[PDB]
Amino acid sequence: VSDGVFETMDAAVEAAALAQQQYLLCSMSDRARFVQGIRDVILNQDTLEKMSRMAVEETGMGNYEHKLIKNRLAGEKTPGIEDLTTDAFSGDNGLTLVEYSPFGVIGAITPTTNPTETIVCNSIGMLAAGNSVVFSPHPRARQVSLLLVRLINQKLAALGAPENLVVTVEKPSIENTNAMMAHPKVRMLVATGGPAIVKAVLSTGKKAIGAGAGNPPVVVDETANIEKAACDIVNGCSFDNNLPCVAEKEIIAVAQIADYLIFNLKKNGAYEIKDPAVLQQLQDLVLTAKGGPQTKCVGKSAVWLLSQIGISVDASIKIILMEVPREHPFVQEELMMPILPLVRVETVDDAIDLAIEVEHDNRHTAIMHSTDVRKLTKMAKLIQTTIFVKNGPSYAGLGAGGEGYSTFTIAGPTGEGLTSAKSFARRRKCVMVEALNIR
Amino acid sequence: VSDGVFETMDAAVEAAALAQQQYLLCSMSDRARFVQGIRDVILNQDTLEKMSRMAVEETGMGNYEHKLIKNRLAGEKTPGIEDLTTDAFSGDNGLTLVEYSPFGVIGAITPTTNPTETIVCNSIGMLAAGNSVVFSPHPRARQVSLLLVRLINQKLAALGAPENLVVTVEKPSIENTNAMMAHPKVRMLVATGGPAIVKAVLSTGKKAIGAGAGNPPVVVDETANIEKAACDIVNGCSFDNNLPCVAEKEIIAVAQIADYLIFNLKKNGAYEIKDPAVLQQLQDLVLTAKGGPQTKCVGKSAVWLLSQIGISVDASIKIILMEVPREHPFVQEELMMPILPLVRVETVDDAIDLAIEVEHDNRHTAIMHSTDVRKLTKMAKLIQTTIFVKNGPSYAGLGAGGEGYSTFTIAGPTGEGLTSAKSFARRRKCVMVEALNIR
Amino acid sequence: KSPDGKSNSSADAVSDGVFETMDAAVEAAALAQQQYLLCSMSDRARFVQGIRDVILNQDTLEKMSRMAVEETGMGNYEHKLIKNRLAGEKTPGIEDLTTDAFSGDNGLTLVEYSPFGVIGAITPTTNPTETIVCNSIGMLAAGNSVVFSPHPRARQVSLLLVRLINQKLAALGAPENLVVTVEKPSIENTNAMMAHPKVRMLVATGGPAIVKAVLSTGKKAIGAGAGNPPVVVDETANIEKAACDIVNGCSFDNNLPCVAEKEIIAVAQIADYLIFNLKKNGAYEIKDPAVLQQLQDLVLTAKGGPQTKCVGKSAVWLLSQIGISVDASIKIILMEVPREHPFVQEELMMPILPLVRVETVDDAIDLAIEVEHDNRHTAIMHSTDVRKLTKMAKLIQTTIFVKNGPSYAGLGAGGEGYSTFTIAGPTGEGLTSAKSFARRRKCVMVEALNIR
Amino acid sequence: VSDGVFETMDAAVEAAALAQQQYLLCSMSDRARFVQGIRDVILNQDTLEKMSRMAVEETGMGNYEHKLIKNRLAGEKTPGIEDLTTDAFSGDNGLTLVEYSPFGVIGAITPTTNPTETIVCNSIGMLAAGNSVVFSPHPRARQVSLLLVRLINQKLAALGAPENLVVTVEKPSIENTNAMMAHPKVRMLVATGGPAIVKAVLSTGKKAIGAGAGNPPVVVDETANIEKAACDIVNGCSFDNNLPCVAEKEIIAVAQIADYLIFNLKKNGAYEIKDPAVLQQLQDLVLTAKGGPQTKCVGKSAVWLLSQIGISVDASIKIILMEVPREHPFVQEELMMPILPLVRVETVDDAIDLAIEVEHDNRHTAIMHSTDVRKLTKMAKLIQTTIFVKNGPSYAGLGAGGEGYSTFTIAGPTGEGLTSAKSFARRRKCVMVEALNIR
Ligand SMILES: CCC(=O)SCCNC(=O)CCNC(=O)[C@H](O)C(C)(C)COP(=O)(O)OP(=O)(O)OC[C@H]1O[C@@H](n2cnc3c(N)ncnc32)[C@H](O)[C@@H]1OP(=O)(O)O
Ligand SMILES: CCC(=O)SCCNC(=O)CCNC(=O)[C@H](O)C(C)(C)COP(=O)(O)OP(=O)(O)OC[C@H]1O[C@@H](n2cnc3c(N)ncnc32)[C@H](O)[C@@H]1OP(=O)(O)O
Ligand SMILES: CCC(=O)SCCNC(=O)CCNC(=O)[C@H](O)C(C)(C)COP(=O)(O)OP(=O)(O)OC[C@H]1O[C@@H](n2cnc3c(N)ncnc32)[C@H](O)[C@@H]1OP(=O)(O)O
Ligand SMILES: CC(C)(COP(=O)(O)OP(=O)(O)OC[C@H]1O[C@@H](n2cnc3c(N)ncnc32)[C@H](O)[C@@H]1OP(=O)(O)O)[C@@H](O)C(=O)NCCC(=O)NCCS
């Protein structure tokens with residue numbers, strides 16, 4: 001049986017195309033079993049700890065126990081075939097049904113920040129909708145991505161699936177990626193990555209879903225539970241060392257509570273920098289001459305980042321915290337590091353205005369800690385982000401401590417929000433004229 | 001006050017950008033009032049007849065009485081703000097809400113086959129979802145498009161809307177269209193047109209909705225009500241002179257009812273060509289050297305077409321009918337003329353196979369006449385079309401004799417199905433952690 | 001196989017709705033509902049629209065509103081104008097009759113809302129015309145006929161409404177007697193309706209006695225309960241808006257409506273600021289114990305119950321009856337009393353609004369749960385704290401909960417959602433609509449029409 | 001710790017009142033653990049086998065193999081807390097949420113035909129909705145019911161549930177029932193039983209749901225797959241020896257295919273009686289002179305029934321078939337036995353009219369075998385049954401080979417259809433005025 005890995009992109013696409021044709025002859029029960037099969041692969045404790053541990057060691061980014069939670073989140077709260085609902089309308093003209101049907105072959109680009117959660121997430125959703133998927137993994141995570149694909153192909157083969165429902169290439173590269181985007185038998189492109197690769201898949205003449213970039217602010221006003229907010233903000237900021245694109249990247253605190261917030265942040269493992277000389281070193285380490293993030297510090301722990309400036313702290317420190325002006329490079333930039341600047345503002349209305357401004361119109365993600373229903377409503381409505389989290393860690397926006405399903409492909413410019421099976425399906429309308437209206 | 005027509009595409013876009021930002025401050029009541037303004041513009045009897053006269057006069061395509069019905073269908077059955085529904089989940093983690101929020105400025109490309117209906121239905125849904133729209137109409141329908149835009153802007157001014165919610169250019173052209181595709185302030189493209197213009201919009205780096213092409217076959221098996229099927233097939237095929245994208249374009253009939261079906265088709269106004277010489281005359285009239293459809297014949301009545309080959313008939317003749325092999329140009333090509341080839345096949349399973357094959361994987365529209373629930377199920381399920389109509393004219397898939405709403409932007413390649421306000425909105429998730437779970 | 005297909009050879013003075021006997025009314029409704037099953041959904045929709053036109057016709061709108069106040073002595077013309085129009089515009093139609101679909105390997109399952117048959121509806125003297133408009137739209141949209149047993153105190157306005165409905169439905173080609181009543185309403189006739197074998201379902205909008213009775217008849221019954229809606233205000237509320245909303249909700253139709261505020265439970269640190277804004281919004285505050293006692297004499301019977309002589313009269317009127325003259329800006333009578341005061345414990349249905357001062361927001365919630373007497377009908381809260389709004393709504397478990405608005409926002413007037421005037425109490429249907437008056441049917445197409 | 005069994009009805013109601021108050025403070029996650037616990041009890045292979053044969057042994061009704069299927073259906077396909085959905089509506093006036101909330105203590109009356117499945121189905125749905133349940137079981141299934149209640153109380157005790165979530169009485173009697181209906185703390189009665197007990201619970205001054213009686217016809221017309229129809233009809237009629245209240249109980253066949261159907265009926269396990277003397281023996285055995293069914297024969301097998309009249313057949317015989325006029329006692333009566341009268345009629349429309357007539361305006365369950373979508377629509381629309389199955393066995397209407405969920409409390413007069421958790425909840429509406437409209 002094929003393990004799903006192919007030497008060329010064209011060979012993988014052609015096998016996925018044959019596989020999806022065979023897939024159309026499978027029942028919905030087969031789909032459910034295949035979906036459950038993919039959950040069982042990642043939710044198996046040894047494979048969970050293998051994938052989490054293996055991604056840290058090969059990418060050098062993130063940390064092990066947080067990938068346990070993300071990988072389990074993907075396998076547990078990704079919607080299966082139940083996502084493919086049916087609408088019906090019956091009256092004098094008959095019955096109309098609206099269904100979610102497969103697209104065909106979907107090419108899927110996966111990131112080095114969430115290599116396995118994206119594959120688990122994309123695979124389950126795309127296979128639920130009746131598609132086959134070709135993965136072009138990130139080269140920094142190519143061995144952990146390939147191992148997951150091989151494990152999935154073994155499980156699906158064991159469960160009776162057509163071979164090659166989930167395929168990838170042996171040597172991931174952007175050259176294979178560009179061949180995937182050009183291939184006539186790829187009917188849909190899904191890019192989870194930075195804004196360059198998303199613009200690329202929206203330029204190939206075919207249906208594309210692209211993730212978005214975000215610089216998520218978290219506002220805290222005087223009505224918030226400060227103790228809980230500090231716990232949630234540390235947890236959300238240091239989650240997988242600030243790799244997730246929903247992770248908090250600057251605090252905008254109302255002055256009335258800012259100090260007591262900083263106090264409680266420190267209690268939860270924030271390391272506060274007050275010396276501008278120490279702050280200067282950290283700027284020179286984590287930023288280029290550009291002013292933006294430096295790749296070698298992305299995804300690193302706070303303990304690690306601090307050791308590089310000669311400060312030795314134990315494992316209880318999870319984030320590095322500093323109060324700075326709004327113009328500081330750490331607020332304007334999307335560092336993807338557990339370095340959390342705090343801007344002090346006079347009023348909640350000022351906090352909302354700055355949060356909107358600092359969000360750079362990404363319309364991606366924003367967080368607020370407030371119990372005032374009017375202020376929660378006002379900031380949510382104005383900032384207009386794909387995800388908005390009130391009184392919890394940012395990752396509650398993905399189903400970890402918040403209601404709803406989870407995903408690791410969050411659409412930016414294409415508008416689908418948190419993708420699921422439904423997002424990988426074509427809507428069909430079936431009209432039974434003057435019959436089956438049995439009301 | 002501005003009338004909506006700008007001299008340059010740049011001026012139209014930026015004015016639409018200003019408008020959409022003002023629009024963001026309006027209530028849902030204001031949207032509902034503006035949506036009702038657009039309906040009133042097109043449903044006013046004088047404008048309704050003026051828009052249908054001008055469209056035929058200016059494009060030469062379609063007929064007045066049927067554009068009267070299609071424009072009214074766009075004004076009455078296009079969804080409004082009630083299309084913008086809300087999802088809610090509540091439990092131990094609080095409340096999650098999912099809303100349909102505005103995109104921004106939408107660039108919409110409109111066809112010469114359906115200029116006013118596309119503008120009416122694009123406008124309603126895009127404005128219901130809180131966007132502004134820049135229209136880039138087809139030059140063959142410039143005068144009627146701009147009048148309709150100016151009428152919309154006038155009525156919206158009377159309603160107190162932000163100026164320039166609906167805009168276009170004075171002299172529409174392909175270069176204005178390309179300027180609209182390139183403009184950074186256009187957040188989404190919507191193209192109702194041929195395969196080329198849909199590939200263009202999917203190659204711009206933006207989100208695009210593309211309403212592709214079809215070759216809708218109609219299968220008639222031995223269990224059908226043949227009398228009713230003949231009436232439906234003529235009515236659907238000839239509706240607005242075969243201009244609509246769903247209109248019947250070739251019959252595939254089981255051999256045992258084929259003759260009786262033809263007799264009934266003739267009974268309902270199909271002119272049958274038996275003489276092979278006359279049939280060759282028609283082929284040379286309506287097909288170019290490369291075998292493609294002649295533009296001068298698109299949307300012409302059967303009376304006109306037959307007159308061009310020396311046959312004089314009265315207004316009761318609605319389509320031209322001919323039995324031919326499956327390889328015949330009228331089968332393989334999409335003609336958009338009330339010319340309806342018939343292909344005779346041995347069994348209903350042969351008919352389904354040929355229908356799938358001749359449809360050319362457009363997965364757009366198919367029609368079946370059959371009272372056999374298993375063959376209806378099999379054909380609908382196998383052919384995987386965006387619209388499938390059972391025992392009805394093709395336009396029962398547009399809300400005219402079938403259950404559901406109407407659209408004139410039917411997305412094949414991009415998978416949205418029958419577009420409406422939802423299709424022109426971003427999806428946003430709002431997570432209220434550990435609160436508002438009042439069950 | 002057939003060479004010509006399969007044709008469909010087998011597919012092919014006026015009553016005013018008022019009857020001298022309940023049994024003739026029921027029998028006429030039974031025949032009507034059978035004819036109705038031959039009508040199309042389009043017919044249902046024109047008939048539903050025709051009911052809306054009766055009550056939203058400006059003449060009839062004014063006539064029904066004014067006539068109900070003249071006939072009953074309860075309520076006021078301007079608000080019944082608003083309530084009748086609310087029933088006319090925001091009562092769901094046939095769109096309420098949604099279809100559930102499930103498709104997969106075993107085919108297609110459809111779930112539809114189909115007619116019960118003859119419904120007998122008991123309507124109250126408080127909202128005679130709104131309940132009749134609201135029931136008739138919902139019940140006919142679902143494909144039923146309805147027999148009305150109205151209250152004798154509202155006989156004329158109810159018989160007139162049923163007659164006007166029957167005239168309009170006649171003009172629309174409806175089967176006669178889709179909506180009927182009796183010429184002489186009575187408790188005798190109501191009992192006869194509850195007992196009649198051809199009545200498939202009973203819908204009662206009234207007090208607990210009549211709700212208990214319909215649940216004792218051996219047939220399907222919807223019971224629309226009652227309660228004593230508390231309005232809780234805490235220190236996070238917008239007090240200037242709370243006071244305005246509280247005056248408006250309490251004085252709506254002179255505190256008749258099923259949801260109207262009936263006691264304020266105020267957090268002490270904002271209590272006096274609340275009272276100050278309540279008087280600014282048209283509250284007459286009684287502070288003199290002598291005068292407060294005079295009003296108790298007037299509005300309470302010897303048995304400690306409310307005087308029906310005073311139910312639904314304005315605050316102007318009630319103050320005039322104790323020698324206090326005030327102009328039309330006074331909308332409610334307001335007084336601060338202990339939690340056991342009769343005005344708190346009873347349900348007066350009068351624009352009389354006791355305020356009880358408590359210490360914390362958690363005491364306000366506990367008291368609101370207590371004074372609601374486990375009706376779990378309605379409660380209101382003014383508060384911006386998303387935790388306290390959640391705690392109160394979750395704990396008090398009312399059918400309707402309104403946050404930071406007048407109570408009547410729970411019926412579609414200033415709040416999202418549709419309207420109704422039959423709010424189910426014991427039987428748990430919530431805000432009744434066409435769906436509530438339907439049988440749920442399941443049609444299973446085995447291994448066909450799974451076209452996904 | 002309590003085992004759930006109480007000496008007096010009042011003690012069980014008083015215990016269940018305290019339990020449900022305690023249940024209110026449990027979480028939705030607790031309910032899900034308690035619902036999964038009940039599924040784990042009945043789906044345990046040892047308990048499943050014991051529950052299915054102890055029911056047969058104590059009641060003398062049904063058969064072992066089929067109760068395995070039915071208890072499996074109750075445990076697997078009964079909806080859980082996911083049944084309690086949430087409606088939201090947002091706009092200028094804010095947010096409105098609608099939720100499904102507990103009633104309190106529910107008194108449930110279970111039948112002798114489906115004692116254990118009803119207890120599994122009721123308690124799962126009632127506990128998902130946040131209720132406790134006092135069962136008042138049928139006296140002849142006393143010992144299997146109390147065992148199930150004890151096993152349930154043991155599992156929940158192991159899950160940390162409040163004591164007495166599911167309770168019953170030590171000696172089931174109808175006077176214990178009469179205590180349950182009168183107890184004021186019982187906020188809702190649910191009677192799964194005959195027409196007397198249903199009228200009773202509807203005469204108590206409380207909210208009541210009541211099961212339905214039906215005389216379910218199965219029409220077969222000349223368009224049906226007769227091989228499959230006969231196989232489905234035998235399997236459906238003999239399912240648990242015709243005990244379920246959806247089972248086929250008279251065939252109304254179109255004459256043109258009647259003899260071919262009887263042929264396939266016989267091949268699938270139907271023993272046809274043709275001799276009128278043998279037929280009269282069967283009536284005296286299974287009927288009284290009142291006309292009513294003999295309780296001694298209810299739920300018995302076809303082999304057992306034929307044995308009493310001296311006829312010896314093997315276990316391949318599943319039902320007893322006889323062609324009779326429409327007025328025959330087996331047509332008019334409701335035998336709940338694997339006895340299947342067949343009526344011959346000329347036309348499918350006569351079959352439909354006869355089906356309607358013989359159903360006795362119960363509007364409960366009806367079946368049709370036909371491939372004509374017009375005739376399936378006509379019969380379904382006109383007969384207005386709570387369940388309607390097309391082209392499958394009766395039990396496909398309960399989710400066994402048909403789409404949808406399963407129940408064993410099918411409402412008759414009270415209208416709720418197939419009960420689930422929703423049916424045991426109060427609809428509450430929460431209105432947030434001018435806030436949380438975050439669209
Ligand atoms: C809540 C969780 C979520 O929301 S999931 C979405 C999170 N993932 C992302 O946002 C991905 C973007 N992240 C970044 O760009 C970061 O800066 C980091 C992690 C540093 C990226 O590492 P870096 O070493 O700079 O490489 P790169 O990703 O920028 O890519 C460089 C070139 O390779 C390409 N590339 C990217 N991914 C793939 C892929 N899966 N397969 C094939 N090619 C890939 C890029 O397009 C880029 O190409 P080029 O430089 O233009 O030649
Ligand atoms: C019924 C529901 C619906 O979907 S609404 C109708 C949808 N209409 C379609 O799918 C396309 C049907 N029309 C056509 O195919 C052709 O236009 C017809 C009328 C048949 C004849 O083509 P012809 O006479 O040569 O005109 P053309 O469109 O090919 O030439 C225009 C070229 O300019 C471009 N163009 C297309 N639309 C616009 C527009 N609105 N504004 C500016 N430019 C436009 C196109 O690129 C087109 O060139 P090209 O032929 O596509 O290569
Ligand atoms: C599709 C799957 C389904 O629909 S299954 C659920 C549908 N409902 C049923 O199957 C109920 C079965 N309906 C029937 O008519 C049964 O055939 C029989 C056994 C005849 C019911 O009649 P019934 O009088 O109740 O039985 P019986 O002769 O043994 O006498 C019992 C007496 O006790 C009563 N009873 C009934 N259930 C209970 C109970 N759980 N607890 C206490 N009492 C009960 C009965 O009313 C009867 O009393 P009485 O004869 O009226 O004085
Ligand atoms: C409004 C109210 C003041 C009625 O005025 P009233 O004069 O005090 O009450 P009445 O004595 O005239 O009517 C009640 C009696 O008539 C019966 N009754 C109620 N409605 C009836 C009807 N439509 N037809 C016949 N009898 C009816 C009741 O069962 C009751 O009988 P009982 O007192 O012997 O037990 C008040 O008593 C009430 O009934 N409130 C509940 C109504 C309500 O709030 N409906 C919700 C509005 S949407």
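Side chains included, hydrogens not; waters and symmetry mates left out as well; all remaining heavy atoms used. Every chain is numbered from 1, with letters handed out A, B, ... down the list of sequences.
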Are [X] and [Y] close enough that some pair of their side-chain heavy atoms sits under 4.5 Å apart?
X	Y	result
C:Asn238	C:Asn404	no
A:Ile356	A:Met379	no
C:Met381	C:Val361	yes
A:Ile124	A:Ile38	yes
A:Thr78	A:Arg39	yes
D:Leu84	D:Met28	yes
A:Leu68	A:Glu49	yes
A:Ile387	A:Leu418	yes

Exercise for the section: Could you give me the CA-CA distance, side-chain angles and deciding distance for A:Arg72 and A:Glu76, then say whether salt bridge (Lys or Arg N to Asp or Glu O under 4.0 Å) is met? Expected result: CA-CA 6 Å; A:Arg72 161 178 263 119; A:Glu76 277 184 357; 3.6 Å; yes
With a 3.5 Å distance limit and no angle check, can you tell me whether [X] reaches the backbone of [Y] through a side-chain donor-acceptor pair?
X	Y	answer
A:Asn362	A:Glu359	yes
A:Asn241	A:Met61	no
A:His328	A:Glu323	no
A:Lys375	A:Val373	no
A:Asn71	A:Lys67	yes
B:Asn93	B:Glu434	no
A:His66	A:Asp240	yes
A:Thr116	A:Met51	no
A:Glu82	A:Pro79	no

Practice task
Show your working on side-chain hydrogen bond (donor to acceptor under 3.5 Å, both in side chains) between A:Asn114 and A:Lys70 and close with a plain yes or no.
Solution key: CA-CA 9 Å; A:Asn114 315 267; A:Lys70 299 167 63 202; 2.5 Å; yes
Heavy-atom pair with the smallest gap, counting every atom of [X] and [Y]:
X	Y	answer
A:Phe424	A:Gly125	CD1-C, 3.7 Å
A:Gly62	A:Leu243	N-CD1, 3.6 Å
A:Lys228	A:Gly392	NZ-CA, 4.2 Å

Handout entry: side-chain contact (heavy atoms from CB on, under 4.5 Å) assessment of A:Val313 paired with A:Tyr271
Key = CA-CA 9 Å; A:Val313 301; A:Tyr271 181 87; 4.0 Å; yes
Problem - Any residue meeting salt bridge (charged side-chain N to carboxylate O under 4.0 Å, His left out) with A:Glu403, in chain and number order, not counting sequence neighbours - result: none
Whether the [X] and [Y] side chains hold a donor-acceptor pair (N or O, under 3.5 Å, no angle test) is what I'd like checked.
X	Y	value
A:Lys318	A:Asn235	yes
C:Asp234	C:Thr236	yes
D:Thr86	D:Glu99	yes
A:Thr409	A:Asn122	yes
B:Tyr100	B:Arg427	yes
D:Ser90	D:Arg439	yes

Exercise for the section: Evaluate the criterion side-chain contact (heavy atoms from CB on, under 4.5 Å) for residue pair A:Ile383 and A:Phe388; output intermediate values, then yes/no. Expected result: CA-CA 9 Å; A:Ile383 204 151; A:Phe388 195 84; 3.9 Å; yes
Output the distance between atom [atom1] ([X]) and atom [atom2] ([Y]), rounded to the nearest 0.5 Å.
X	Y	atom1	atom2	result
D:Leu159	D:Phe34	CG	CZ	6.5 Å
D:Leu127	D:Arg31	CG	CZ	9.0 Å
A:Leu382	A:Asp353	CG	CG	8.0 Å
A:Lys77	A:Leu398	NZ	CG	10.0 Å
D:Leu436	B:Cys430	CG	SG	7.0 Å
B:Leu97	A:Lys390	CG	NZ	6.0 Å

Handout entry: C:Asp385 and C:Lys391 ion-paired at < 4.0 Å
Key = no
Exercise for the section: Look at A:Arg344 together with A:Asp350 and state whether they make a salt bridge at an N to O cut-off of under 4.0 Å. Expected result: no
Please set out all donor-acceptor pairs under 3.5 angstrom arising from side-chain atoms of residues 297-306 of chain A, sequence neighbours excluded.
| from | atom 1 | to | atom 2 | distance (Å) |
| --- | --- | --- | --- | --- |
| A:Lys300 | NZ | A:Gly60 | O | 2.6 |
| A:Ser301 | OG | A:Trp304 | N | 3.1 |

Problem - Criterion side-chain contact (heavy atoms from CB on, under 4.5 Å) on B:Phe89 and D:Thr85, from CA distance to verdict - result: CA-CA 7 Å; B:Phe89 321 99; D:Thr85 47; over 6 Å; no
Practice task
Identify which one of B:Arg426, B:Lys429, B:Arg428 satisfies the side chain to side chain donor-acceptor pair (under 3.5 Å) criterion when paired with A:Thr386.
Solution key: B:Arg426
Practice task
Applying side-chain hydrogen bond (donor to acceptor under 3.5 Å, both in side chains), run through A:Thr347 and A:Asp349 and close with a yes or a no.
Solution key: CA-CA 5 Å; A:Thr347 56; A:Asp349 295 320; 5.3 Å; no
Problem - From CA spacing to verdict: side-chain contact (heavy atoms from CB on, under 4.5 Å), A:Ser394, A:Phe239 - result: CA-CA 9 Å; A:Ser394 67; A:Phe239 195 53; over 6 Å; no
